[PDB]
Structure formats: C-alpha cells, structure tokens
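Residue numbers for the sequence shown follow my numbering, beginning at 1328 and rising by one. To start, the structure itself, in structure tokens.
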Amino acid sequence: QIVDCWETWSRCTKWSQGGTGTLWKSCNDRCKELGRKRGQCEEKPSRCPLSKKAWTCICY
C-alpha cells in the first residue's frame, strides 16, 4: 500500500516500488501492512509515481 507502482498485474503482485527497491514483499505483505486480506492491481495513479503506468495493488 505504501509506495507501489507497476504496469502489469503480475508485476504489482510480486514486486513493489518503482525500480524495485527492497520493500516489496509481494502484494500479500504489502497489504498486510494495513491489515487487509488481499490486494488487486487497480488503476490508481493517486499512489503511482509512474502515472504512465498507474497500476498498484489495492488492498481489500
């Protein structure tokens, strides 16, 4: 949830952070940080430093 931006569904679910840093932990843990069950890559540029892509795992 905190800092995640990709283009392909498989990308935001496995990685996180533009350029791939060290705090990805997949969409699973990246959503566990907010106490959510799962996450789906939605087109939300509100959290995407790369607006050309605008794909990020939305925690549900």
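All residues carry an ideal CB built from backbone N, CA and C; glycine is no exception.
Less than 8 Å between C-beta atoms, sequence neighbours within five positions excluded: which residues of the same chain meet that for residue i?
i, result
"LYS1380", "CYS1332, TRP1333 and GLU1334"
Name the one or two DSSP bridge partners that residue i has.
i, result
"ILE1385", "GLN1367"
"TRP1333", "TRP1382"
Using the beta-carbon count (16 or more within 10 Å), is residue i buried or exposed?
i, result
"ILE1329", "exposed"
"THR1383", "buried"
"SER1373", "exposed"
"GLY1366", "buried"
"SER1378", "exposed"
For residue i, which residues from the same chain have a beta carbon less than 7 Å from its beta carbon, with the 5 sequence-adjacent residues on both sides left out?
i, result
"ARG1363", "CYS1386 and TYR1387"
"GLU1360", "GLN1328 and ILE1329"
Could you give the residue range of the alpha helix (DSSP H) that holds residue i?
i, result
"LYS1359", "1353-1359"
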